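Pasted below: entry37.cif, mmCIF, C-alpha atoms and all ligand atoms.
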```cif
data_coords
#
loop_
_atom_site.label_atom_id
_atom_site.label_comp_id
_atom_site.auth_asym_id
_atom_site.auth_seq_id
_atom_site.Cartn_x
_atom_site.Cartn_y
_atom_site.Cartn_z
CA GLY I 22 -2.66 34.76 -14.62
CA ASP I 23 0.09 32.17 -14.23
CA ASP I 24 1.71 34.14 -11.40
CA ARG I 25 -1.43 34.13 -9.26
CA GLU I 26 -2.26 30.51 -10.09
CA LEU I 27 1.30 29.42 -9.31
CA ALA I 28 1.15 31.58 -6.17
CA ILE I 29 -1.99 29.71 -5.11
CA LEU I 30 -0.24 26.39 -5.80
CA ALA I 31 2.94 27.34 -3.94
CA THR I 32 0.92 28.67 -1.02
CA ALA I 33 -1.03 25.41 -0.84
CA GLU I 34 2.06 23.22 -1.04
CA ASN I 35 3.68 25.32 1.69
CA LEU I 36 0.76 25.13 4.12
CA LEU I 37 0.19 21.40 3.46
CA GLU I 38 3.63 21.03 5.03
CA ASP I 39 2.16 21.91 8.45
CA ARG I 40 -1.40 20.63 8.29
CA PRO I 41 -3.98 18.64 6.29
CA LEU I 42 -6.07 20.22 3.55
CA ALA I 43 -9.12 20.06 5.83
CA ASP I 44 -7.35 22.52 8.16
CA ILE I 45 -6.58 24.90 5.28
CA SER I 46 -9.15 27.45 4.09
CA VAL I 47 -9.65 29.17 0.74
CA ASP I 48 -8.85 32.44 2.52
CA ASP I 49 -5.51 31.01 3.64
CA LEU I 50 -4.76 30.13 0.04
CA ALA I 51 -6.12 33.54 -0.96
CA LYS I 52 -4.13 35.56 1.58
CA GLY I 53 -1.11 33.44 0.75
CA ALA I 54 -1.40 34.33 -2.92
CA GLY I 55 -2.17 37.98 -2.20
CA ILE I 56 -5.65 37.90 -3.77
CA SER I 57 -9.21 38.05 -2.43
CA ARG I 58 -11.27 34.97 -1.64
CA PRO I 59 -13.69 35.44 -4.55
CA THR I 60 -10.75 36.01 -6.91
CA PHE I 61 -9.38 32.60 -5.88
CA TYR I 62 -12.52 31.04 -7.34
CA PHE I 63 -11.34 32.54 -10.60
CA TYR I 64 -8.49 30.03 -10.81
CA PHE I 65 -9.85 27.05 -8.92
CA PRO I 66 -13.38 25.83 -8.04
CA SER I 67 -12.17 24.56 -4.67
CA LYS I 68 -9.13 23.86 -2.49
CA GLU I 69 -9.54 20.18 -3.34
CA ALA I 70 -9.04 21.25 -6.94
CA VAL I 71 -5.78 22.93 -5.97
CA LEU I 72 -4.41 19.75 -4.38
CA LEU I 73 -5.48 17.80 -7.48
CA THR I 74 -3.48 20.18 -9.65
CA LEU I 75 -0.54 19.84 -7.27
CA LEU I 76 -0.60 16.04 -7.45
CA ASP I 77 -1.03 16.20 -11.22
CA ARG I 78 2.12 18.33 -11.48
CA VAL I 79 4.16 15.98 -9.27
CA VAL I 80 2.88 12.87 -11.09
CA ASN I 81 3.68 14.29 -14.54
CA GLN I 82 7.12 15.44 -13.38
CA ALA I 83 7.98 11.87 -12.36
CA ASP I 84 6.50 10.56 -15.61
CA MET I 85 8.46 13.05 -17.73
CA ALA I 86 11.65 12.20 -15.84
CA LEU I 87 11.12 8.49 -16.45
CA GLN I 88 10.40 9.32 -20.09
CA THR I 89 13.76 11.13 -20.23
CA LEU I 90 15.57 8.04 -18.93
CA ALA I 91 13.74 5.84 -21.41
CA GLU I 92 15.05 8.02 -24.26
CA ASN I 93 18.51 8.46 -22.74
CA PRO I 94 19.44 5.11 -21.10
CA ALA I 95 22.77 5.06 -19.20
CA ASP I 96 25.96 3.06 -19.75
CA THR I 97 25.77 0.76 -16.73
CA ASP I 98 24.76 -2.71 -15.53
CA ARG I 99 21.21 -4.02 -15.22
CA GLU I 100 21.08 -3.40 -11.47
CA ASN I 101 21.89 0.29 -11.95
CA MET I 102 19.38 0.55 -14.80
CA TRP I 103 16.58 -0.36 -12.39
CA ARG I 104 17.99 1.83 -9.61
CA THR I 105 17.95 4.92 -11.83
CA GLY I 106 14.37 4.17 -12.84
CA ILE I 107 13.23 3.70 -9.24
CA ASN I 108 15.21 6.78 -8.17
CA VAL I 109 13.01 8.91 -10.43
CA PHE I 110 10.09 8.20 -8.09
CA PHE I 111 12.06 8.22 -4.81
CA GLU I 112 13.45 11.65 -5.71
CA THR I 113 10.37 13.23 -7.34
CA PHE I 114 7.86 12.27 -4.62
CA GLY I 115 10.49 12.42 -1.90
CA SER I 116 10.94 16.09 -2.81
CA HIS I 117 7.20 16.69 -2.39
CA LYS I 118 6.23 14.79 0.76
CA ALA I 119 3.39 17.13 1.77
CA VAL I 120 1.63 16.84 -1.59
CA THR I 121 2.24 13.08 -1.64
CA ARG I 122 0.67 12.67 1.79
CA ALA I 123 -2.26 14.99 1.07
CA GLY I 124 -2.72 13.35 -2.30
CA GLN I 125 -2.96 9.91 -0.70
CA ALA I 126 -5.45 11.07 1.93
CA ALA I 127 -7.54 12.64 -0.83
CA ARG I 128 -8.00 9.41 -2.79
CA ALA I 129 -10.71 8.30 -0.35
CA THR I 130 -13.03 11.17 -1.31
CA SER I 131 -11.76 12.26 -4.73
CA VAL I 132 -12.40 10.17 -7.85
CA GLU I 133 -10.27 12.74 -9.70
CA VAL I 134 -7.29 11.82 -7.52
CA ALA I 135 -8.08 8.10 -7.65
CA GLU I 136 -8.34 8.05 -11.44
CA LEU I 137 -5.22 10.20 -11.88
CA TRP I 138 -3.12 7.85 -9.75
CA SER I 139 -4.65 4.76 -11.35
CA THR I 140 -3.93 5.98 -14.89
CA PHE I 141 -0.23 6.62 -14.32
CA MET I 142 0.29 3.47 -12.22
CA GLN I 143 -1.07 1.44 -15.14
CA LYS I 144 1.29 3.44 -17.32
CA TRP I 145 4.31 2.81 -15.08
CA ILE I 146 3.37 -0.85 -14.75
CA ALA I 147 3.12 -1.26 -18.52
CA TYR I 148 6.59 0.27 -18.93
CA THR I 149 8.14 -1.97 -16.26
CA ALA I 150 6.60 -4.96 -18.01
CA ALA I 151 7.99 -3.82 -21.38
CA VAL I 152 11.48 -3.51 -19.95
CA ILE I 153 11.16 -6.93 -18.28
CA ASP I 154 9.94 -8.38 -21.59
CA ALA I 155 12.77 -6.76 -23.52
CA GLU I 156 15.11 -8.16 -20.90
CA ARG I 157 13.62 -11.63 -21.37
CA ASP I 158 13.78 -11.36 -25.17
CA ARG I 159 17.54 -10.70 -25.11
CA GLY I 160 18.08 -13.70 -22.84
CA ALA I 161 19.06 -11.69 -19.75
CA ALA I 162 15.99 -12.48 -17.63
CA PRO I 163 14.39 -15.94 -17.26
CA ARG I 164 10.77 -16.36 -18.31
CA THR I 165 9.22 -16.96 -14.90
CA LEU I 166 6.06 -15.11 -13.81
CA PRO I 167 3.92 -13.29 -16.35
CA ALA I 168 5.79 -9.99 -16.83
CA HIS I 169 2.76 -7.74 -16.26
CA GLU I 170 1.72 -9.44 -13.01
CA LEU I 171 5.30 -9.30 -11.71
CA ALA I 172 5.47 -5.62 -12.69
CA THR I 173 2.18 -4.85 -10.93
CA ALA I 174 3.27 -6.32 -7.57
CA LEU I 175 6.70 -4.62 -7.70
CA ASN I 176 5.07 -1.27 -8.56
CA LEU I 177 2.45 -1.65 -5.81
CA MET I 178 5.26 -2.47 -3.37
CA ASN I 179 7.08 0.75 -4.29
CA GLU I 180 3.91 2.83 -3.97
CA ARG I 181 3.26 1.50 -0.45
CA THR I 182 6.85 1.19 0.72
CA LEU I 183 7.98 4.62 -0.52
CA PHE I 184 4.93 6.28 1.03
CA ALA I 185 5.50 4.52 4.36
CA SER I 186 9.13 5.72 4.39
CA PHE I 187 8.32 9.29 3.34
CA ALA I 188 5.64 9.49 6.03
CA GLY I 189 7.80 7.93 8.71
CA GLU I 190 5.19 5.25 9.35
CA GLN I 191 5.32 2.44 11.86
CA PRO I 192 6.40 0.16 10.34
CA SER I 193 8.62 1.38 7.52
CA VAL I 194 12.07 1.12 5.98
CA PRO I 195 14.19 4.13 6.82
CA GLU I 196 14.16 6.54 3.87
CA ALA I 197 17.97 6.29 3.75
CA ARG I 198 17.62 2.53 3.15
CA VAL I 199 14.47 2.27 1.02
CA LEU I 200 15.99 2.68 -2.49
CA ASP I 201 18.52 -0.13 -1.90
CA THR I 202 15.80 -2.31 -0.39
CA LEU I 203 13.48 -1.93 -3.37
CA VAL I 204 16.22 -2.24 -5.99
CA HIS I 205 17.33 -5.55 -4.49
CA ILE I 206 13.77 -6.95 -4.52
CA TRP I 207 13.22 -5.78 -8.09
CA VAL I 208 16.53 -7.18 -9.35
CA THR I 209 16.32 -10.60 -7.65
CA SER I 210 12.68 -11.19 -8.63
CA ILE I 211 13.22 -10.08 -12.23
CA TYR I 212 16.42 -12.05 -12.93
CA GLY I 213 16.02 -14.82 -10.36
CA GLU I 214 15.44 -18.32 -11.69
CA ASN I 215 13.92 -19.51 -8.41
CA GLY C 22 -24.58 -11.78 26.19
CA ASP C 23 -22.29 -13.44 23.66
CA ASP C 24 -25.23 -14.31 21.39
CA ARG C 25 -26.36 -10.69 21.05
CA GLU C 26 -22.81 -9.37 20.73
CA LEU C 27 -21.99 -11.98 18.09
CA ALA C 28 -25.33 -11.20 16.44
CA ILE C 29 -24.32 -7.53 16.28
CA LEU C 30 -20.95 -8.53 14.79
CA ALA C 31 -22.44 -10.90 12.22
CA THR C 32 -25.05 -8.31 11.26
CA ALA C 33 -22.34 -5.70 10.76
CA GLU C 34 -20.12 -7.99 8.70
CA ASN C 35 -23.13 -8.92 6.56
CA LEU C 36 -24.21 -5.35 5.83
CA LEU C 37 -20.63 -4.17 5.21
CA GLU C 38 -20.80 -6.55 2.26
CA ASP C 39 -23.20 -4.16 0.48
CA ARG C 40 -22.20 -0.73 1.73
CA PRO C 41 -19.68 1.30 3.75
CA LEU C 42 -19.98 1.74 7.51
CA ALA C 43 -21.03 5.37 6.96
CA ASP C 44 -24.17 4.06 5.22
CA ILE C 45 -24.95 1.70 8.10
CA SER C 46 -26.84 2.91 11.18
CA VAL C 47 -26.90 1.66 14.77
CA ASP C 48 -30.57 0.80 14.21
CA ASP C 49 -29.61 -1.40 11.27
CA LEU C 50 -27.16 -3.21 13.51
CA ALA C 51 -29.83 -3.22 16.22
CA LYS C 52 -32.66 -4.53 14.04
CA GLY C 53 -30.22 -7.01 12.55
CA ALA C 54 -29.38 -8.37 15.99
CA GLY C 55 -33.00 -8.31 17.13
CA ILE C 56 -32.43 -5.78 19.93
CA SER C 57 -33.37 -2.14 20.51
CA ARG C 58 -31.10 0.76 19.63
CA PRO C 59 -30.35 1.70 23.25
CA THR C 60 -29.62 -1.96 24.05
CA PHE C 61 -26.97 -1.94 21.31
CA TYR C 62 -25.11 0.69 23.31
CA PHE C 63 -24.91 -1.97 25.99
CA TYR C 64 -22.42 -3.97 23.93
CA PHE C 65 -20.68 -1.30 21.88
CA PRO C 66 -20.19 2.48 22.29
CA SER C 67 -20.50 2.99 18.53
CA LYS C 68 -20.69 1.29 15.15
CA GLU C 69 -17.05 2.24 14.62
CA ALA C 70 -16.35 0.17 17.72
CA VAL C 71 -18.10 -2.79 16.10
CA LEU C 72 -15.90 -2.62 13.00
CA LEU C 73 -12.83 -2.36 15.25
CA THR C 74 -13.86 -5.56 17.01
CA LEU C 75 -14.46 -7.19 13.64
CA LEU C 76 -10.99 -6.26 12.38
CA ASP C 77 -9.47 -7.35 15.68
CA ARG C 78 -11.07 -10.78 15.28
CA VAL C 79 -9.85 -11.18 11.69
CA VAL C 80 -6.33 -9.96 12.56
CA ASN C 81 -6.01 -12.33 15.52
CA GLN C 82 -7.35 -15.24 13.48
CA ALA C 83 -4.58 -14.74 10.92
CA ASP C 84 -2.04 -14.32 13.72
CA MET C 85 -3.20 -17.49 15.49
CA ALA C 86 -3.10 -19.41 12.20
CA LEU C 87 0.45 -18.25 11.54
CA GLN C 88 1.30 -19.19 15.12
CA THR C 89 -0.06 -22.69 14.41
CA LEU C 90 2.22 -23.04 11.38
CA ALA C 91 5.19 -21.81 13.38
CA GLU C 92 4.60 -24.59 15.92
CA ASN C 93 3.72 -27.21 13.30
CA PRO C 94 6.03 -26.59 10.29
CA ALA C 95 5.42 -28.83 7.24
CA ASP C 96 7.63 -31.39 5.49
CA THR C 97 8.31 -29.50 2.27
CA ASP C 98 10.81 -27.29 0.43
CA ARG C 99 11.63 -23.68 1.28
CA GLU C 100 9.39 -22.30 -1.46
CA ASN C 101 6.36 -24.12 -0.05
CA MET C 102 7.27 -23.02 3.48
CA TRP C 103 6.83 -19.39 2.46
CA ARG C 104 3.71 -20.13 0.40
CA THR C 105 1.95 -21.70 3.38
CA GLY C 106 2.87 -18.71 5.52
CA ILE C 107 1.61 -16.21 2.94
CA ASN C 108 -1.50 -18.34 2.35
CA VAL C 109 -2.52 -17.76 5.98
CA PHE C 110 -3.11 -14.10 5.12
CA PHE C 111 -4.48 -14.61 1.59
CA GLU C 112 -7.05 -17.05 3.00
CA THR C 113 -7.91 -15.31 6.29
CA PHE C 114 -8.41 -11.80 4.86
CA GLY C 115 -9.62 -13.16 1.53
CA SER C 116 -12.46 -14.81 3.46
CA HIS C 117 -13.39 -11.46 5.02
CA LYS C 118 -13.17 -8.94 2.19
CA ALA C 119 -15.88 -6.61 3.53
CA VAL C 120 -14.21 -6.23 6.93
CA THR C 121 -10.80 -5.86 5.27
CA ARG C 122 -12.07 -3.06 3.04
CA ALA C 123 -13.98 -1.30 5.83
CA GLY C 124 -11.02 -1.75 8.14
CA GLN C 125 -8.69 -0.08 5.64
CA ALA C 126 -11.05 2.84 5.07
CA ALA C 127 -11.34 3.28 8.84
CA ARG C 128 -7.60 3.75 9.41
CA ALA C 129 -7.86 7.36 8.23
CA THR C 130 -10.12 8.36 11.13
CA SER C 131 -9.48 5.66 13.74
CA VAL C 132 -6.26 5.56 15.77
CA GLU C 133 -7.59 2.33 17.29
CA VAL C 134 -7.58 0.73 13.84
CA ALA C 135 -4.25 2.30 12.88
CA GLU C 136 -2.52 1.11 16.05
CA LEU C 137 -4.06 -2.37 15.82
CA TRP C 138 -2.80 -2.85 12.26
CA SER C 139 0.58 -1.33 13.07
CA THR C 140 1.13 -3.61 16.08
CA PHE C 141 0.51 -6.86 14.20
CA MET C 142 2.41 -5.74 11.07
CA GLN C 143 5.45 -5.13 13.28
CA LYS C 144 4.78 -8.56 14.74
CA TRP C 145 4.51 -10.25 11.34
CA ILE C 146 7.57 -8.38 10.10
CA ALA C 147 9.61 -9.48 13.12
CA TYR C 148 8.63 -13.11 12.47
CA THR C 149 9.52 -12.93 8.76
CA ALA C 150 12.88 -11.47 9.74
CA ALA C 151 13.46 -14.27 12.28
CA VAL C 152 12.75 -16.92 9.67
CA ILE C 153 15.03 -15.15 7.17
CA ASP C 154 17.74 -14.96 9.84
CA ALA C 155 17.32 -18.62 10.75
CA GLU C 156 17.52 -19.36 7.05
CA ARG C 157 20.75 -17.35 6.78
CA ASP C 158 22.22 -19.00 9.89
CA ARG C 159 21.82 -22.50 8.41
CA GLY C 160 23.51 -21.37 5.18
CA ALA C 161 20.39 -21.57 3.00
CA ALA C 162 19.96 -17.84 2.37
CA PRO C 163 22.79 -15.42 1.48
CA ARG C 164 23.42 -12.48 3.80
CA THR C 165 22.34 -9.66 1.51
CA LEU C 166 20.02 -6.89 2.74
CA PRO C 167 19.42 -6.39 6.45
CA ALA C 168 16.80 -9.05 7.25
CA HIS C 169 14.36 -6.70 8.99
CA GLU C 170 14.36 -4.12 6.18
CA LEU C 171 13.85 -6.86 3.58
CA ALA C 172 11.02 -8.29 5.69
CA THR C 173 9.35 -4.88 6.03
CA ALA C 174 9.23 -4.22 2.27
CA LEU C 175 7.96 -7.74 1.48
CA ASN C 176 5.26 -7.44 4.17
CA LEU C 177 4.22 -3.97 2.98
CA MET C 178 4.02 -5.35 -0.56
CA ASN C 179 1.67 -8.12 0.58
CA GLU C 180 -0.51 -5.69 2.53
CA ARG C 181 -0.94 -3.45 -0.53
CA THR C 182 -0.99 -6.13 -3.21
CA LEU C 183 -3.43 -8.46 -1.41
CA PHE C 184 -5.78 -5.56 -0.67
CA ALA C 185 -5.67 -4.38 -4.29
CA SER C 186 -6.54 -7.90 -5.48
CA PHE C 187 -9.30 -8.46 -2.92
CA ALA C 188 -10.85 -5.10 -3.82
CA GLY C 189 -10.53 -5.63 -7.55
CA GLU C 190 -8.58 -2.39 -7.91
CA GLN C 191 -7.20 -0.86 -11.06
CA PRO C 192 -4.42 -1.83 -11.19
CA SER C 193 -4.11 -5.19 -9.44
CA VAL C 194 -2.99 -8.78 -9.83
CA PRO C 195 -5.93 -11.10 -10.33
CA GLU C 196 -6.76 -12.79 -7.02
CA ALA C 197 -6.26 -16.16 -8.72
CA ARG C 198 -2.65 -15.15 -9.50
CA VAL C 199 -1.65 -13.08 -6.46
CA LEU C 200 -0.35 -15.87 -4.15
CA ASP C 201 2.03 -17.20 -6.83
CA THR C 202 3.14 -13.67 -7.65
CA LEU C 203 4.01 -12.82 -4.06
CA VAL C 204 5.61 -16.17 -3.27
CA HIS C 205 7.96 -15.78 -6.24
CA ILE C 206 9.01 -12.27 -5.15
CA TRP C 207 9.55 -13.41 -1.57
CA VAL C 208 11.55 -16.50 -2.57
CA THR C 209 13.82 -14.82 -5.14
CA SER C 210 14.58 -11.80 -2.94
CA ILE C 211 15.23 -13.92 0.15
CA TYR C 212 17.49 -16.55 -1.46
CA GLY C 213 18.79 -14.54 -4.41
CA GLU C 214 22.48 -13.65 -4.40
CA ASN C 215 21.97 -10.76 -6.82
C1 LIG J 301 13.77 1.19 -16.03
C2 LIG J 301 13.27 1.29 -14.59
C3 LIG J 301 11.74 1.44 -14.48
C4 LIG J 301 11.32 1.82 -13.05
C5 LIG J 301 9.80 1.98 -12.87
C6 LIG J 301 9.43 2.35 -11.43
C7 LIG J 301 7.92 2.50 -11.28
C8 LIG J 301 7.37 2.55 -9.83
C9 LIG J 301 6.14 3.43 -9.71
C10 LIG J 301 5.33 3.24 -8.42
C11 LIG J 301 5.85 4.08 -7.24
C12 LIG J 301 5.21 5.45 -7.14
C13 LIG J 301 5.75 6.26 -5.93
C14 LIG J 301 4.70 6.53 -4.88
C15 LIG J 301 5.13 7.25 -3.59
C16 LIG J 301 3.95 7.47 -2.60
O1 LIG J 301 2.66 7.42 -3.32
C17 LIG J 301 1.49 8.08 -2.80
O2 LIG J 301 0.55 7.00 -2.70
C18 LIG J 301 1.05 9.26 -3.74
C19 LIG J 301 -0.39 9.76 -3.46
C20 LIG J 301 -1.42 9.38 -4.53
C21 LIG J 301 -2.68 8.70 -3.95
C22 LIG J 301 -2.90 7.18 -4.17
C23 LIG J 301 -2.82 6.23 -2.93
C24 LIG J 301 -3.05 4.73 -3.21
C1 LIG J 302 6.93 -18.65 7.25
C2 LIG J 302 6.16 -17.67 6.34
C3 LIG J 302 5.89 -16.30 7.00
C4 LIG J 302 4.89 -15.49 6.17
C5 LIG J 302 4.58 -14.10 6.77
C6 LIG J 302 3.57 -13.32 5.91
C7 LIG J 302 3.28 -11.95 6.52
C8 LIG J 302 2.57 -10.92 5.62
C9 LIG J 302 1.65 -10.00 6.41
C10 LIG J 302 1.20 -8.74 5.65
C11 LIG J 302 -0.05 -8.96 4.78
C12 LIG J 302 -1.36 -8.70 5.50
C13 LIG J 302 -2.59 -8.93 4.59
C14 LIG J 302 -3.36 -7.66 4.32
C15 LIG J 302 -4.56 -7.73 3.35
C16 LIG J 302 -5.27 -6.35 3.16
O1 LIG J 302 -4.97 -5.47 4.30
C17 LIG J 302 -5.86 -4.39 4.66
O2 LIG J 302 -5.00 -3.25 4.59
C18 LIG J 302 -6.52 -4.65 6.06
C19 LIG J 302 -7.18 -3.39 6.67
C20 LIG J 302 -6.41 -2.78 7.85
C21 LIG J 302 -6.14 -1.26 7.69
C22 LIG J 302 -4.70 -0.77 7.39
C23 LIG J 302 -4.40 -0.14 6.00
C24 LIG J 302 -2.95 0.33 5.76
#
```
What is this structure when it is put down as structure tokens?
Ligand SMILES: CCCCCCCCCCCCCCCCOC(=O)CCCCCCC
Ligand SMILES: CCCCCCCCCCCCCCCCOC(=O)CCCCCCC
Amino acid sequence: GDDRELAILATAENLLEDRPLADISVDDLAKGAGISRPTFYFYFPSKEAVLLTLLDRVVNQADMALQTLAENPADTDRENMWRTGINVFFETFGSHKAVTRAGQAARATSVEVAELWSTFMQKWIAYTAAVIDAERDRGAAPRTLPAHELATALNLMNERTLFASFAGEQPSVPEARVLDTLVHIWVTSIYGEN
Amino acid sequence: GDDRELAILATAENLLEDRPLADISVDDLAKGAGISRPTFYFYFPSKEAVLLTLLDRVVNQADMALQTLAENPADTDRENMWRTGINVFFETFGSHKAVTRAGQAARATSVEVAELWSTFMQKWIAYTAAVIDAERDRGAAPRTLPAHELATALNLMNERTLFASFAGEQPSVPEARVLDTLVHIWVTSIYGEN
């Protein structure tokens, strides 16, 4: 039943491009997937469950991509190392704006969404801290702020800043400038002595 | 009618300390202020309007405080200059956690709240950019990223990071460490050459 489940997912991601989940019905998702309404309930308990699955797929895709970089570094300087890591998130979520927006708006009423985001953020923060620590160990970065607290703030900045740019918020950094903006902040705060 | 209006405001801020606005009724606010329910509607059209006023008071208090610092600098180094500026927000909103939380949760359904926050953020971003520019003009800070884009990201980081700390989110920087964390990121990214 992958086809019909994927068809429900694709339909949902497509519609979420024009309106919020609240304005999307199970029938819409059903008609979109070419199945009946009761048959939808065979794959998902609710439309909120569909969005959750969508976010879970986007989140894991970014995580897997980062995992790929971890295993296969890249012959380049330290500035580029961080840029490639940040780019994983700019590109993954930037290629799924509708789901990112819907996912954010869902956090307020979905503990599933909240816990999913929280778990990976902790995961991405722990990795950033490990890289910073490794960087400090080799003598490249000065031992300034506690690595994990620095990593948390930088990660929270990206979460908020990338979202603002993807959503075209007021205020926000233009999407065409956001990667460079974040990379500079990460690089100066990680290697800066003061 | 200041007394009764202020009594409605105080009552609301007090209750918001234990539960969300949704779990607070106009009667609660009414009983809390020692007036009847219909008399409440004499000062505010709704409870959502009360929270808006509360946020507006907290936002302006921070703005006025920053304005005071602008007019009356402080004989100290550049690192301390930024710390005092950031402290205005850490202290003002940190002394009104309930209203800050409620205010954030209200943004999703209140354009009044959204526009209020947006207007001052733009204002605080413009000021940060002016200081950065002044700093660059005098030769203290290197001309790296466009000042306004750097200012936007730093401000968005504070908004997200301070909120996470005040709310005790997972993940978050402990409140007792957040000021230092942010000041370091601001200082290194503003004066850092690379
Ligand atoms: C070697 C280099 C390492 C680089 C690590 C980079 C890690 C940064 C991870 C944080 C950024 C995540 C991108 C988020 C974009 C918009 O996020 C939305 O918020 C998603 C919706 C989820 C709901 C939760 C809302 C608080
Ligand atoms: C000379 C030094 C200048 C320093 C300037 C510092 C400016 C930083 C201003 C941004 C931080 C604001 C603090 C926010 C704390 C939590 O915010 C909540 O979000 C409030 C609720 C409002 C709802 C909107 C949610 C996006």
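With a cut-off of 6 Å and using all atoms listed in the file, the polymer residues contacting ligand LIG 302 (chain J) are residues 102, 103, 106, 107, 110, 114, 121, 124, 125, 128, 138, 145, 149, 176, 179, 180, 183 and 184 of chain C.
Going from atom CA of residue 200 of chain I to atom CA of residue 122 of chain C covers 29.2 Å.
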Please report, as JSON, the centre and edge lengths in Å to one decimal of an axis-aligned box covering all listed atoms of ligand LIG 301 (chain J) with 5 Å per side.
```
{"center_x": 5.4, "center_y": 5.5, "center_z": -9.3, "size_x": 26.8, "size_y": 18.6, "size_z": 23.4}
```
Find the residues of chain I in contact range of chain C, meaning any atom within 6 Å when counting only C-alpha atoms, and list them as a PDB file with C-alpha atoms, keeping the file's coordinate frame.
```pdb
ATOM      1  CA  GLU I 170       1.720  -9.440 -13.010  1.00  0.00           C
ATOM      2  CA  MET I 178       5.260  -2.470  -3.370  1.00  0.00           C
ATOM      3  CA  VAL I 194      12.070   1.120   5.980  1.00  0.00           C
ATOM      4  CA  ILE I 206      13.770  -6.950  -4.520  1.00  0.00           C
ATOM      5  CA  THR I 209      16.320 -10.600  -7.650  1.00  0.00           C
ATOM      6  CA  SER I 210      12.680 -11.190  -8.630  1.00  0.00           C
ATOM      7  CA  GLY I 213      16.020 -14.820 -10.360  1.00  0.00           C
ATOM      8  CA  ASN I 215      13.920 -19.510  -8.410  1.00  0.00           C
TER       9      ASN I 215
END
```
Could you work out how far atom CA of residue 68 of chain C lies from atom CA of residue 37 of chain C, giving the answer in Å with one decimal? 11.3 Å
Spatial neighbours of residue 67 of chain I, 12 Å, all atoms listed in the file, chain gap at least 2 places, as a PyMOL selection string: chain I and resi 29+33+42-43+45-48+50-51+58-65+69-74
Taking all atoms listed in the file into account, which of I:57, I:81, I:105, I:89 comes nearest ligand LIG 301 (chain J)?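 Checking each candidate against ligand LIG 301 (chain J), we get I:105 as the closest.
The closest residue to ligand LIG 301 (chain J), picked from I:53, I:189, I:66, I:94 and counting only C-alpha atoms and all ligand atoms, is I:94.
Proximity of I:96, I:90, I:159, I:168 to ligand LIG 301 (chain J), computed with all atoms listed in the file, is greatest for I:90.
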Can you work out the spacing between atom CA of residue 95 of chain I and atom CA of residue 160 of chain I in Å, to one decimal? 19.7 Å
Smallest atom-to-atom distance to ligand LIG 301 (chain J): which of I:40, I:134, I:116, I:162, using only C-alpha atoms and all ligand atoms? I:134
